[PDB]
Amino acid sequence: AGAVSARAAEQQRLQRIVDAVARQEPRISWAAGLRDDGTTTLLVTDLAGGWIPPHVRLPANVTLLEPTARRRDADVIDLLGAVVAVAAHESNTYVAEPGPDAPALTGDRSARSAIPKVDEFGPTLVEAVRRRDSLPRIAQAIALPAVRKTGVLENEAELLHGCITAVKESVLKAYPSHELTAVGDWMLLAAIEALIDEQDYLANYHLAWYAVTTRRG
């Protein structure tokens, strides 16, 4: 009595969460699952081992995969691991326009703040920029000012965001045959932008994911 309705509500909640991020970025695959504790909702895409790109806002109360090296070929189902309910979105499927029941996109701060502070955050970012040949000039120009918190010019913030948008489009158009090289650049640029916006925990999130994305064998 009422068991079907409760089970249905649980599955429908996961699908609304998936469709909420999918309609923001439908060109990549997504999945969400409920852990056996009954309270942890895990959200993944296979773009880069569990990293969530910055232009996607997250529903409330979702949990992300922690930054660890994961195999390139794992699909969204494999990335969820052990769960008791699953919903997914295949890349390039059409997603309906949102209605009143769409989940509120308030979950970015909590979801992306679960990573401990990277050791020597500032020097680590500057070293990463130094050793990356593929970065645009704006990254070399304001990496150290962003770490020193001296402030940058508006045209420099505009150029940085223009380069973030460009690598986003380069990567998502090459998906699923994208180069993790370009994804790493996307992550480093995203860390710089969060830094100049005083969102240091976001810069930490992107820097931590950069390290596992660019790790050697």
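Sequential numbering from 1, following the sequence displayed.
Look at the mean CA B-factor for 107-115 and for 67-75 in the entry; the higher one is 67-75.
Just going by the entry, 176-184 versus 38-46 on mean CA temperature factor gives the higher value to 176-184. Of the candidates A102, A87, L144, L80, the one whose C-alpha carries the top B factor in the deposited record is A102. Take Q140, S134, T124, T93 and read off each C-alpha B-factor from the entry; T93 has the highest. Sort the chain's modelled residues by C-alpha temperature factor and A9 lands in the highest third, per the entry. Placement of the Cα temperature factor of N61 within the chain: highest third of the modelled residues, per the deposited record.
The deposited CA B-factor of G151 belongs to the highest third of values across its chain.
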